[PDB]
Amino acid sequence: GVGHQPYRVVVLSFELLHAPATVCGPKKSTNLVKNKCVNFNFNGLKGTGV
Amino acid sequence: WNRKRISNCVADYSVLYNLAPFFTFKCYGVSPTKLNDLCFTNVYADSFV
Ligand SMILES: *[C@@H]1O[C@H](CO)[C@@H](O)[C@H](O)[C@H]1NC(C)=O
């Protein structure tokens, strides 16, 4: 029956960002802008500031 | 539909996992994994197709 047919299971466990990140998504980095109020994205950490 | 009274017995629900290849097992109010840890005054089982 449905409850006894075998399954193949993959568990993907992620470690959150608390260190330098080895695994990252398919995103392209840009240039660095300093001393100006910009929107920043550092390794998935989003924010707005100088 | 047929309603069967279940009382004065010890109910271990893991035996149910050998009784049928279940398609749906969903519960309201009680988590299905703690059912062996509780006590009930009376159980009613309604069976149909
Ligand atoms: C259901 O009953 C039949 C005979 O009454 C028995 O052969 C079968 O093993 C039983 N099914 C389960 C899951 O115990």
# chains A, B, ... in the order shown; residues from 1 in each chain; ligands from 1
call {"tool": "select_by_dssp", "arguments": {"residues": "chain B", "states": "helix (DSSP H, G or I)", "output": "PyMOL selection string"}}
result
chain B and resi 13-19+35-37
call {"tool": "write_last_selection", "arguments": {"atoms": "C-alpha atoms", "output": "JSON list (two decimals), in the first residue's frame"}}
result
[["chain", "number", "residue", "atom", "x", "y", "z"],
["B", 13, "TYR", "CA", -1.39, 3.15, 19.21],
["B", 14, "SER", "CA", 1.90, 2.03, 17.62],
["B", 15, "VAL", "CA", 0.23, -1.35, 16.93],
["B", 16, "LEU", "CA", -2.04, 0.62, 14.55],
["B", 17, "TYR", "CA", 1.02, 1.31, 12.37],
["B", 18, "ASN", "CA", 1.15, -2.43, 11.61],
["B", 19, "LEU", "CA", -2.61, -2.69, 11.01],
["B", 35, "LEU", "CA", -1.27, 9.53, 22.74],
["B", 36, "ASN", "CA", 0.50, 6.74, 24.64],
["B", 37, "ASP", "CA", 1.20, 9.12, 27.55]]
call {"tool": "residues_around", "arguments": {"residues": "segment 2-10 of chain B", "least_positions_apart": "5", "cutoff": "8 Å", "atoms": "only C-alpha atoms", "output": "PyMOL selection string"}}
result
chain B and resi 41-48
call {"tool": "interface_residues", "arguments": {"of": "chain A", "to": "chain B", "cutoff": "7 Å", "atoms": "only C-alpha atoms", "output": "PDB file with N, CA and C atoms, in the first residue's frame"}}
result
ATOM      1  N   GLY A   1       0.806  -1.199   0.000  1.00  0.00           N
ATOM      2  CA  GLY A   1       0.000   0.000   0.000  1.00  0.00           C
ATOM      3  C   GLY A   1       0.846   1.259   0.000  1.00  0.00           C
ATOM      4  N   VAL A   2       0.159   2.396   0.149  1.00  0.00           N
ATOM      5  CA  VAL A   2       0.824   3.699   0.116  1.00  0.00           C
ATOM      6  C   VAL A   2       1.729   3.873   1.332  1.00  0.00           C
ATOM      7  N   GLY A   3       1.306   3.358   2.482  1.00  0.00           N
ATOM      8  CA  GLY A   3       2.078   3.490   3.699  1.00  0.00           C
ATOM      9  C   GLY A   3       3.270   2.571   3.837  1.00  0.00           C
ATOM     10  N   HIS A   4       3.491   1.660   2.887  1.00  0.00           N
ATOM     11  CA  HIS A   4       4.619   0.742   2.949  1.00  0.00           C
ATOM     12  C   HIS A   4       5.550   0.812   1.747  1.00  0.00           C
TER      13      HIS A   4
END
call {"tool": "select_by_dssp", "arguments": {"residues": "chain B", "states": "strand (DSSP E)", "output": "NGL selection string"}}
result
:B and (2-6 or 43-47)
call {"tool": "write_last_selection", "arguments": {"atoms": "C-alpha atoms", "output": "PDB file, in the first residue's frame"}}
result
ATOM      1  CA  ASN B   2     -20.961   2.069  13.252  1.00  0.00           C
ATOM      2  CA  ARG B   3     -19.760   3.474  16.581  1.00  0.00           C
ATOM      3  CA  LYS B   4     -17.824   1.129  18.873  1.00  0.00           C
ATOM      4  CA  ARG B   5     -17.243   1.856  22.558  1.00  0.00           C
ATOM      5  CA  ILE B   6     -13.662   1.285  23.734  1.00  0.00           C
ATOM      6  CA  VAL B  43     -12.981   6.160  23.405  1.00  0.00           C
ATOM      7  CA  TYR B  44     -15.432   5.984  20.498  1.00  0.00           C
ATOM      8  CA  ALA B  45     -14.473   4.536  17.107  1.00  0.00           C
ATOM      9  CA  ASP B  46     -16.668   5.271  14.080  1.00  0.00           C
ATOM     10  CA  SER B  47     -16.029   3.129  11.000  1.00  0.00           C
TER      11      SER B  47
END
call {"tool": "residues_around", "arguments": {"residues": "residue 23 of chain A", "least_positions_apart": "3", "cutoff": "10 Å", "atoms": "only C-alpha atoms", "output": "list in words"}}
result
residues 14, 15, 17, 20, 26 and 43 of chain A
call {"tool": "residues_around", "arguments": {"residues": "segment 31-35 of chain A", "least_positions_apart": "3", "cutoff": "10 Å", "atoms": "only C-alpha atoms", "output": "ChimeraX atom specification"}}
result
/A:38-40,49-50
call {"tool": "decode", "arguments": {"residues": "segment 8-28 of chain B", "atoms": "N, CA, C and O atoms", "output": "compact mmCIF listing (two decimals), in the first residue's frame"}}
result
# COMPACT_ATOMS: atom_id res chain seq x y z
N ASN B 8 -11.98 0.30 29.40
CA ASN B 8 -11.40 -0.68 30.33
C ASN B 8 -10.31 -1.53 29.67
O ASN B 8 -10.27 -2.75 29.81
N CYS B 9 -9.42 -0.86 28.94
CA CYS B 9 -8.32 -1.54 28.27
C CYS B 9 -7.16 -0.57 28.09
O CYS B 9 -7.31 0.64 28.24
N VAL B 10 -6.00 -1.13 27.77
CA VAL B 10 -4.78 -0.37 27.54
C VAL B 10 -4.61 -0.19 26.03
O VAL B 10 -4.57 -1.18 25.29
N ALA B 11 -4.52 1.06 25.59
CA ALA B 11 -4.47 1.39 24.17
C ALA B 11 -3.05 1.83 23.81
O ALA B 11 -2.63 2.93 24.17
N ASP B 12 -2.33 0.97 23.10
CA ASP B 12 -1.04 1.31 22.51
C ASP B 12 -1.23 1.53 21.01
O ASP B 12 -1.58 0.60 20.28
N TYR B 13 -1.01 2.76 20.56
CA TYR B 13 -1.39 3.15 19.21
C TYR B 13 -0.36 2.77 18.16
O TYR B 13 -0.69 2.77 16.97
N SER B 14 0.86 2.41 18.57
CA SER B 14 1.90 2.03 17.62
C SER B 14 1.55 0.73 16.89
O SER B 14 1.97 0.54 15.74
N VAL B 15 0.76 -0.13 17.54
CA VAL B 15 0.23 -1.35 16.93
C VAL B 15 -0.61 -1.01 15.70
O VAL B 15 -0.60 -1.76 14.71
N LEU B 16 -1.28 0.15 15.71
CA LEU B 16 -2.04 0.62 14.55
C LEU B 16 -1.16 0.79 13.32
O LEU B 16 -1.61 0.51 12.21
N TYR B 17 0.12 1.16 13.51
CA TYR B 17 1.02 1.31 12.37
C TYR B 17 1.34 -0.01 11.68
O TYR B 17 1.84 0.00 10.55
N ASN B 18 1.06 -1.16 12.31
CA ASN B 18 1.15 -2.43 11.61
C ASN B 18 -0.18 -2.88 11.03
O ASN B 18 -0.20 -3.80 10.20
N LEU B 19 -1.29 -2.25 11.44
CA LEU B 19 -2.61 -2.69 11.01
C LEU B 19 -2.95 -2.23 9.59
O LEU B 19 -3.65 -2.95 8.87
N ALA B 20 -2.49 -1.05 9.18
CA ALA B 20 -2.90 -0.53 7.88
C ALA B 20 -1.82 0.38 7.30
O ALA B 20 -1.18 1.12 8.04
N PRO B 21 -1.62 0.33 5.98
CA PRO B 21 -0.74 1.31 5.32
C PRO B 21 -1.43 2.67 5.18
O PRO B 21 -2.11 2.90 4.18
N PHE B 22 -1.27 3.53 6.19
CA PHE B 22 -2.14 4.69 6.36
C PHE B 22 -1.95 5.72 5.25
O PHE B 22 -0.82 6.01 4.84
N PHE B 23 -3.06 6.27 4.78
CA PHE B 23 -3.03 7.39 3.85
C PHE B 23 -3.18 8.73 4.57
O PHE B 23 -2.56 9.72 4.17
N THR B 24 -3.98 8.78 5.63
CA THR B 24 -4.20 10.01 6.39
C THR B 24 -4.35 9.67 7.86
O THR B 24 -5.16 8.81 8.22
N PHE B 25 -3.56 10.33 8.71
CA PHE B 25 -3.64 10.16 10.17
C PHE B 25 -3.47 11.55 10.77
O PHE B 25 -2.34 11.99 11.03
N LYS B 26 -4.58 12.25 10.99
CA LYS B 26 -4.49 13.63 11.45
C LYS B 26 -5.38 13.83 12.67
O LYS B 26 -6.47 13.28 12.75
N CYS B 27 -4.89 14.61 13.63
CA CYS B 27 -5.53 14.70 14.93
C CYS B 27 -5.79 16.15 15.31
O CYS B 27 -5.05 17.06 14.91
N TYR B 28 -6.84 16.35 16.10
CA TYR B 28 -7.25 17.66 16.59
C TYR B 28 -7.19 17.66 18.11
O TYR B 28 -7.78 16.79 18.76
